[PDB]
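Participant: let's see this in three dimensions:
(4 chains)
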Amino acid sequence: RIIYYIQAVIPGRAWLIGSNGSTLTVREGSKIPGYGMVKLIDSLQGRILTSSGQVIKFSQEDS
Amino acid sequence: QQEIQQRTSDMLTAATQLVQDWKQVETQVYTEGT
Amino acid sequence: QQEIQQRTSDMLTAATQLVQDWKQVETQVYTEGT
Amino acid sequence: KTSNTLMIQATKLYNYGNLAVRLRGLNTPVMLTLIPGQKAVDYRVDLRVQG
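Facilitator: Residues are numbered from 1 along each chain as shown, chains lettered A, B, ... in the order given. Right below this line is the structure:
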């Protein structure tokens, strides 16, 4: 399916890139396709919590 | 009791420093090439 | 007891020195050749 | 004043910004955003322009 990776994160926003190359930016309450509703943006440690229980991170060899 | 006032002085210096740091906004620079 | 305050003064000078040393960031230099 | 290469150095730790670049043939300038202080550092970024 599609996998999203953190490109940049500040307090408040997060810029994500997908495996198709599309780029998005999100805030605390926002819609993400295929993942659900954003519950918490943690600027430290690079973790994004999602309503489906998933955690959005950096690519492992690109981080 | 007097600790409120010593704290007021270090805090006053720090808050004045913070607000003067928040005041400055600098003009943008445009570069022309040929 | 008073040793806390003498220690505060040498430590204050050293920590101020450390933070002012951590503040400076210098501009890069580009060299053109022909 | 003639090439196609910029050299950027960040001066502050976490202050972020933006930049506008106008190329030779293009009329629309290309605007980019610049974020310092991440868990990765972009040593070099290559950009494909549409035109």
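Participant: three-state assignment of residue 16?
Facilitator: Went with chain A since none was named. Of the three states, residue A:16 takes strand under DSSP: H, G, I helix; E, B strand; the rest coil.
Participant: that's the other chain; I wanted chain B
Facilitator: Going by three-state DSSP: residue B:16 is helix.
Participant: roughly how far apart are it and residue B:34?
Facilitator: Separation of residue B:16 from residue B:34 (CB to CB, to the nearest Å): 47 Å. The C-beta positions use only the backbone N, C-alpha and C, and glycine is treated the same way.
Participant: who touches residue 29 in this structure?
Facilitator: No chain in the question, so chain A it is. Residues counted as contacts of residue A:29 (CB atoms under 8 Å, 6 or more residues apart in numbering or on different chains) are A:37-38.
Participant: sorry, I should have been clearer: chain D.
Facilitator: Neighbouring residues of residue D:29 by CB under 8 Å, 6+ apart: D:20-23.
Participant: one more: residue A:17?
Facilitator: Applying CB under 8 Å, 6+ apart, we find residue A:17 in contact with A:4-5, A:7, A:23-24.
Participant: quick check: beta-bridge partners of it?
Facilitator: Beta-bridge partners of residue A:17, counted by DSSP bridges, are residue A:5, residue A:23.
Participant: give me the neighbour count for the closest residue to chain A within chain D.
Facilitator: Using CB to the nearest CB, the closest approach of chain D to chain A is made by residue D:35 at 4.9 Å. A total of 17 residues lie near residue D:35 under the criterion other CB atoms under 10 Å in any protein chain shown.
Participant: my read is that it contacts residue D:16, right?
Facilitator: Yes: using CB atoms under 8 Å, residue D:35 is in contact with residue D:16, at 4.9 Å.
Participant: what touches both of those two?
Facilitator: Common contacts of residue D:35 and residue D:16 (CB under 8 Å, 6+ apart): residue A:10.
Participant: residue 15: neighbour count?
Facilitator: Went with chain A since none was named. For residue A:15, the neighbour count with other CB under 10 Å is 15.
Participant: actually, chain D is the one I wanted.
Facilitator: Residue D:15: 11 neighbours (other CB under 10 Å).
Participant: quick check, it in a helix?
Facilitator: No: counting by three-state DSSP, residue D:15 falls outside a helix, being coil.
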